[PDB]
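Residue numbers for the sequence shown follow my numbering, beginning at 1 and rising by one.
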Amino acid sequence: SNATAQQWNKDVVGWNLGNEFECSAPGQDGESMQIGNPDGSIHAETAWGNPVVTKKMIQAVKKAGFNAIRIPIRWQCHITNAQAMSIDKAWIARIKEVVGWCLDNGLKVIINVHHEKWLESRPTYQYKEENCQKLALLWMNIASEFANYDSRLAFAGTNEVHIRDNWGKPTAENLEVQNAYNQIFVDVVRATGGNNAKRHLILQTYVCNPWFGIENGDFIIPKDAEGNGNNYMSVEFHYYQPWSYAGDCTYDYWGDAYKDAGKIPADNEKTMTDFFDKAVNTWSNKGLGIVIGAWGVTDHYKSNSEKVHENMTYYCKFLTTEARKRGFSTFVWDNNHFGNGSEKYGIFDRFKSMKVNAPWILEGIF
Ligand SMILES: OC[C@H]1O[C@@H](O[C@H]2[C@H](O)[C@@H](O)[C@H](O[C@H]3[C@H](O)[C@@H](O)[C@H](O)O[C@@H]3CO)O[C@@H]2CO)[C@H](O)[C@@H](O)[C@@H]1O
Ligand SMILES: OC[C@H]1O[C@@H](O[C@H]2[C@H](O)[C@@H](O)[C@H](O[C@H]3[C@H](O)[C@@H](O)[C@H](O)O[C@@H]3CO)O[C@@H]2CO)[C@H](O)[C@@H](O)[C@@H]1O
């Protein structure tokens with residue numbers, strides 16, 4: 001009925017329904033900050049080249065072993081009225097259909113506000129008043145539409161807030177605005193009462209980089225509703241680390257265990273568990289949940305695919321299990337892209353009956 005953040009997160013190893021409901025409107029620039037409802041936008045789940053989601057696809061993520069699905073959702077091209085941030089009824093009905101598929105199959109769900117560029121790209125004093133008013137109206141409508149779902153459904157308020165093409169440390173200005181987003185989100189969802197009084201709410205660090213929130217109280221823990229304390233909130237970050245493995249393909253190998261295979265980044269097993277410990281001390285020990293809302297290693301190999309895919313299996317095992325035994329939930333990124341380079345995070349092929357074209361990832365977890 002009312003699970004706490006830490007209860008909800010416990011043993012949750014999940015999966016992202018990536019590049020589906022967070023696509024920009026058909027034929028629109030993904031960086032665009034425009035709010036409206038272009039014709040055809042109801043079909044935007046195919047705009048980036050992935051299929052219409054079906055029940056069978058959800059069921060295959062279950063059967064693989066996962067127990068939660070995070071659903072990224074863009075809202076800005078589904079707004080019937082930009083002043084009030086009203087949401088296209090058919091878009092809501094479509095989201096509920098997919099959420100219902102997950103819940104009917106014993107999956108926990110995260111729904112969020114993802115690639116919402118009028119919010120993510122303008123964390124500045126100039127746009128604060130407008131972004132805050134619009135975030136409130138948007139979440140007022142989302143929270144009210146999903147008020148009657150039980151606690152298996154959590155809300156994450158935003159995704160990666162940052163100035164465009166800028167992945168560095170926020171300014172004081174950027175931090176002030178983005179922390180204000182998290183507070184507004186909490187206030188608005190709690191003010192709809194009902195099952196939202198104690199629904200698991202997920203808050204983000206700046207650009208979902210843990211290092212931009214873990215120091216100096218950079219990340220501000222919001223004031224929740226009276227008596228809730230911190231027990232019904234989590235801190236979310238994304239953990240594509242070290243970015244040299246996993247991200248930009250500088251190294252093909254990771255860990256002291258695989259030093260004999262090739263060259264490895266300085267960040268090893270210890271730098272990871274050190275960090276996880278530091279997130280326990282900063283946040284968990286205060287009663288907050290910890291959600292790793294995105295992680296993964298992009299499929300990339302110079303020479304010896306076997307040896308690289310084995311090290312990837314060990315990376316996936318080490319990350320999931322070390323997170324799990326500290327009470328974190330994990331959600332692996334999947335964009336349904338396969339190959340050898342950047343942004344090759346596909347696990348299942350969504351065009352071929354959900355066939356597992358990356359068994360080495362699924363060997364790492366599970
Ligand atoms: O190929 C189809 C479209 O791809 C777009 O890039 C997306 C990537 O495919 C997707 O893997 C990436 O996922 C992000 C995720 O959204 C973010 O929250 C997380 O923290 O990191 C992941 C890895 O970067 O999202 C991007 C969208 O920004 C192209 O931008 C698009 O042109 C193309 O049609
Ligand atoms: O939308 C794709 C864009 O991706 C950019 O790469 C950034 C990643 O999206 C982001 O996840 C990563 O965050 C790293 C951080 O850089 C690193 O210091 C730390 O160790 O881990 C963080 C999370 O794992 O940052 C990179 C950029 O530094 C591309 O740079 C961009 O071209 C592309 O459009």
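Beta carbons: idealized from backbone N, C-alpha and C, even for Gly.
Verify the contact flag: residue i, CB atom, against every heavy atom of ligand 1, threshold strictly below 7 Å.
i    : result
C208 : yes
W48  : yes
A358 : no
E343 : yes
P51  : no
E160 : yes
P38  : no
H337 : yes
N179 : no
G18  : yes
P170 : no
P72  : yes
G364 : no
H115 : yes
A25  : no
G157 : no
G30  : yes
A294 : yes
Kindly give me the distance between the Cβ atoms of residue i and residue j, rounded to whole angstroms, as I take these residues to be in contact under 8 Å.
i    : j    : result
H114 : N159 : 5 Å
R326 : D11  : Wrong, their Cβ atoms sit about 11 Å apart, outside the cutoff.
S244 : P265 : 4 Å
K344 : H309 : Rounded, the Cβ-Cβ distance is 12 Å, inconsistent with contact.
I347 : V356 : 7 Å
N67  : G14  : 6 Å
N16  : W333 : 5 Å
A246 : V297 : 4 Å
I71  : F21  : 6 Å
Residue i bridges to which residues according to DSSP?
i    : result
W8   : Paired residues: none, contrary to the question.
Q204 : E236
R164 : Answer is none; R164 lacks a bridge partner.
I110 : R70 and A154
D349 : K355
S86  : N81
Got a sec? Which residues, its chain only, sit under 6 Å from residue i by beta carbon, not counting five neighbours each side?
i    : result
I163 : none
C23  : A44, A47 and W48
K63  : none
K307 : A261
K128 : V177
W8   : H200
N336 : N50, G346 and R350
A90  : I42
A225 : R190
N174 : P123
What residue does the beta strand (DSSP E) around residue i start on, and which one ends it?
i    : result
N16  : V13 to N16
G293 : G289 to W295
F331 : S329 to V332
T80  : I79 to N81
Kindly indicate if chain B contains any beta-carbon less than 8 Å away from that of residue i.
i    : result
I221 : The chain inventory of the structure shown lacks chain B, comprising one protein chain alone.
Looking at residue i and ligand 2, is the gap between the Cβ and the nearest heavy atom below 7 Å?
i           : result
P242        : yes
residue 423 : The displayed coordinates of the chain run from 1 to 366. Any statement about residue 423 would go beyond what the structure contains.
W333        : no
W167        : yes
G247        : yes
Can you tell me where the alpha helix (DSSP H) holding residue i begins and where it ends?
i    : result
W101 : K89 to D104
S1   : Here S1 belongs to no alpha helix (DSSP H), and DSSP marks it neither H nor E.
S144 : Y125 to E145
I58  : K55 to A64
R122 : That residue, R122, is in no alpha helix (DSSP H); it is neither H nor E in DSSP.
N182 : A172 to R190
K278 : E269 to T282
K223 : Premise fails: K223 is in no alpha helix (DSSP H) and is neither H nor E.
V308 : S305 to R324
So, at 8 Å on beta carbons, what are the nonlocal neighbours of residue i in its own chain, with the 5 sequence-adjacent residues on each side left out?
i    : result
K223 : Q183 and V186
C132 : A180, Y181 and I184
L362 : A64, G65, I347 and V356
What does a CB cutoff of less than 7 Å around residue i pick up in its chain, not counting 5 residues either side in sequence?
i    : result
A279 : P210, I214 and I290
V207 : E160, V161, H162 and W167
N105 : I58, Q59 and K62
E116 : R74, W75 and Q76
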